[PDB]
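Protein chains in written order, with the deposited numbering: chain C, 437 to 485; chain L, 1 to 211; chain E, 1 to 211; chain K, 1 to 211; chain H, 1 to 227; chain D, 1 to 227; chain J, 1 to 227. For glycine and all other residues, C-beta sits at the position ideal for the given N, C-alpha and C.
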Ligand SMILES: *[C@@H]1O[C@H](CO[C@@H]2O[C@@H](C)[C@@H](O)[C@@H](O)[C@@H]2O)[C@@H](O[C@@H]2O[C@H](CO)[C@@H](O[C@@H]3O[C@H](CO)[C@@H](O)[C@H](O)[C@@H]3O)[C@H](O)[C@H]2NC(C)=O)[C@H](O)[C@H]1NC(C)=O
């Protein structure tokens, strides 16, 4: 439990998780891609909407 | 059943200074399912932010607020002369009471005028006496009437007017409605106005029957 | 520890109109094991609903409430002349402040009578002057004394009588106690009461020495 | 966000008999991490207990109090002449308003004296009149001004000093500042103090021009 | 574009019945969940009711339980809300609002509204329509202060819905104070509209007041005398 | 039927000791947990103490921590509550209350009460029993308003427990005003009972009032003069 | 012993910048978490800032956000805080305080403060340093009540930090009413101190008051006349 050192009043510094990865990820690997992902059919990944 | 309380009740700033609105979820936590709205008193409300983090389409970039837990908080980065509206929160089963954002100004001395009932009103069946405060700021004043050198309450009706946009001031009048059988008994009718920004409370006496 | 907060503080309606009340646990959830009790002022409290959902046997079906999490609400389906009581919610360790379910009536004009101390009260060493408000509604009032034509407080006591069933109106009394030496030096004692339903605050003066 | 209310505001108790202090948080539970702070008004704050259960070394063994979750209570076993301090409560992110622990003693009749401005203050163009109330207990009094035999407020300032140690009584002051031209127009200036422990309000008047 | 138009509403005696319609255009009405919301005059708006996509399950609020029925036809492309045994506490303006749906694998509405239609005013009261009473309010000697002054008119016993006022056929404003009406005994809306015009100007031009009463089409013009 | 009878109580000097009994009849005492609930005069309810089926554990409240002891004598079918160093603020009426239990495989209480016995009032003060002082209250000329009036009696220096009063041996009510008594300084209870009877009735029938003093058996009867 | 010396602060124009130092002697200024706390004159204290052991992360309140920057210099053994655009309400006293850590297998702070160093007064206002003006306060005839009377001195137009004053070279005390200085319009401070001595004694010994002005070293001595 590290609550007395990480937590600060009025929000904290951003800590992120990924919502989706396309393929099964092989052991000991990570994705740091910050590219804008899209769920619908309409094109994105370079367009914000 | 959910109650959505907003604080402060009325917040006043200069047309440039930014502020924040603190609205507390009374029961448990919304888990970010929240929205904000801005409604000028003349038309329908418009959506500002949804899910308490993201923003809708067409909103200015100044509107950016985040909140979690009971304390749901809205930040505006900078202020423009459009804030004269009511901000309403949106939990799924309730609505906020609303917070009024006011354009600040220097304290202004009210101007009081007393109008007695006309002759046409003197034959209708009921007499009405009106007391009008004009060009007054801020929106806090007490109006007390003196009938026959004696104060009274529970019979006069007070109405307030929205602040103008050209000069940022409002007017407030109160009217007393009473039958003729009681109006002729008394002689002096006076209006007293109390304001924190006034050196002394302003009294104005009126004599019945004109001259 | 846990504190029960009851909303609203007081609630008055027509004899047939139904009503709802909500309690608030300060934090956390207690597996929705909450109880409501209705206490008639003369008698002991009676259980109405237990576990916040199920009503105890023998209680009329009219009483039926449900709540969860922070908030627990009880709603009454209808109303009859038995709601003249205080409804306290009870969790494990605390009781709520309660809410007086009042009966609504039209505005009634109070009647004020001032009674002086008699000679046998005078010779005892202290003088007590009593004020009797009668047949007045609704339950909010403020009675003051004008001793030697000057307002003074902090030395008198006030008592209010509970609502009577047959006419749904009550009486209030207020006793001002002073020593004999203080009672002799002043001359004029006046009694006034303030009511929102009164056109003017009725003032009744008194003169010492009888005739 | 989190607001702590220390109840009540003033705790007046005699030096011999004990005292307790209760602090009410707003929301959530912080794993019972709370601390008390005693602040003699001239000195700096100092810790009394840590983690709300254990007491820091050097603090007298008298100081020992505890709580869990909702409400936090701190009990003082006996009382000694050092509780002339404000007791604050430090949560995760904010400090409470605090409470002030006074010493009980009997009712005092205040002494009222009005000092008018001198000629040196007269020539400066503005003039101040001062009312001093001496040797009065408890800490609850109100003063006003009768300018030209008319009550007036909103133009004066009021000051209160801390409790004394040798006699356990204080002095209170009120300064009213007016322009010279306004000062000359009126004729009579009267001072009145309102106290619950006074048989009659004490009126003292002043006439301009001295003698 | 995409908008909602409200139909129905007006003067209804207490305990009666009424119907409100919300025609929808610009979007797929069938797939979107719908809400009905209300706003009392001068008070905070309060949510009223919900409906599903098909319009089979509804979530009427406690205050409106038993007397409110909401329906959502798909082919007709409109929303219906029927009121029975109305109470005086429900005098308000009604809006119909959409609910945002993700329209993914699961519809999953997110309980937040996107668009607000042009709603309609509903009043419940025991009084009946009647012409307003008017009389000028011109300050006389020792009641007007300084060169500048304020002159206006006060209407009385005007039960129809709030009235519009104008002066000199709306050719001048000079800081018009709208001053919306206030409720009094026996259900009368009265407002005193005054314009700040100096008193030393009447005599060269005529001052006319026009109370544009559109409900009953009883247009009245009035003359102000300086006394 | 099931009922709880409370025994004990009365006026005890501050710092004294007292013991309260709670006899239970109509049900099995052994299987039910028991609690005590206080009720301050004209105030809310507060929880006091808790006792098991045999009395192994106690749940003494913070207000009564270290001064109140609860015992459950199951063999002789009684509940006991004995205290020491009782303080002035504890003046209240005590309620002996029961804890509901399922009586299944596991007793499983539920922290909600079922029946409340008649409460027992307890008093602590430094004063002593004294005879009340009764004096007439009859409006004279220029004080009575109209034909109707109100005549009564006021009592003083009555420290004993609340007193009952009657008029004409309880042969009439005429809208009685109970006016519950109130505490003044030095530990005194004041009651002022006035019956609204028109002043134009004295002379043909005697007007007496009896203040029946039950604690000290001080039966006092007095007459009222029209002054 | 363990103590923190606070350095810097004082008069500063609004919109200016200020900078504070806190040197720590008696303990290890390496691992302990650091906090900065303010206290307004005659008001409660609120939290200002927090910094961890390394100094990468910092915590600021909303009021101090964007203006205040805290920095922990472990090697130089000093806690530092820089302010810009200091607003008027920031006028207060600043305390450098520590945050307890177990220093176990993990540092694990507890968010409770151990020792408070003497804080520094920071005042920001639009006025400038000026010398105080004094005048005697001696009651004449008909103003002194009874034997005892009160004589003193009142300072005026004294912006700088609180002042000290004594009477007759500290030969008599006879009760001192410090009357701490209050703020008026135009950013100014006034204090009026009085000592109470009987009235039939002035004429054989003089009565004087001296005000000692530390900031600008303007020590003033003024005599008081019986008028
Ligand atoms: C978190 O860090 C603490 C403290 O770290 C200490 O202070 C830092 C500023 C650096 O200078 C570190 O190098 C320094 O250790 C660590 O706790 C430390 O653990 C060690 C190993 O047990 C302790 O040394 C022992 O301590 C006692 C005597 O005090 C005896 O058993 C031994 O003789 C030996 O010296 C050391 O004292 C202790 N530090 C403190 C300040 O008490 C800790 O290891 C670390 N946590 C984790 C999970 O790694």
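Any non-hydrogen atom of ligand 1 closer than 7 Å to residue i Cβ
| i | result |
| --- | --- |
| residue 107/J | yes |
| residue 69/L | no |
| residue 103/J | yes |
| residue 55/J | no |
| residue 438/C | no |
| residue 485/C | no |
| residue 30/J | yes |
For residue i, the three-state DSSP class (helix, strand or coil)
| i | result |
| --- | --- |
| residue 97/E | coil |
| residue 110/J | strand |
| residue 107/E | coil |
| residue 64/H | helix |
| residue 102/E | strand |
| residue 88/D | helix |
| residue 168/D | helix |
| residue 142/L | strand |
Identified DSSP bridge partners for residue i
| i | result |
| --- | --- |
| residue 25/D | 3/D |
| residue 131/E | 114/E, 174/E |
| residue 177/J | 194/J |
| residue 18/L | Residue 18/L is not bridged to any residue. |
| residue 73/J | 78/J |
| residue 34/H | 51/H, 98/H |
| residue 55/E | 49/E |
Host beta strand (DSSP E) of residue i (start-end)
| i | result |
| --- | --- |
| residue 156/L | 156-160 |
| residue 170/E | 170-179 |
| residue 67/E | 63-68 |
| residue 136/J | 133-137 |
| residue 158/H | Counting along the chain, residue 158/H falls outside any beta strand (DSSP E), and DSSP gives it neither H nor E. |
| residue 214/E | Summary: the structure shown does not reach residue 214/E, with chain E confined to residues 1 through 211, and so no result is reported for it. |
| residue 50/L | 46-50 |
| residue 206/E | 203-207 |
| residue 123/J | 120-124 |
| residue 210/H | 208-212 |
Span of the alpha helix (DSSP H) around residue i
| i | result |
| --- | --- |
| residue 119/E | 119-123 |
Residue i versus the options, residue with shortest Cα-Cα distance
| i | options | result |
| --- | --- | --- |
| residue 174/L | 154/H, 97/H, 161/H | 154/H |
| residue 13/K | 46/K, 79/K, 3/K | 79/K |
| residue 186/E | 187/K, 199/K, 186/K | 199/K |
| residue 146/H | 123/L, 66/L, 113/L | 113/L |
| residue 127/H | 165/H, 88/H, 110/H, 101/H | 88/H |
| residue 75/E | 7/E, 162/E, 181/E | 7/E |
| residue 47/D | 37/D, 54/D, 23/D | 37/D |
| residue 151/J | 86/J, 62/J, 196/J, 73/J | 196/J |
| residue 21/E | 3/E, 108/E, 168/E, 37/E | 37/E |
| residue 207/K | 176/K, 160/K, 116/K, 34/K | 116/K |
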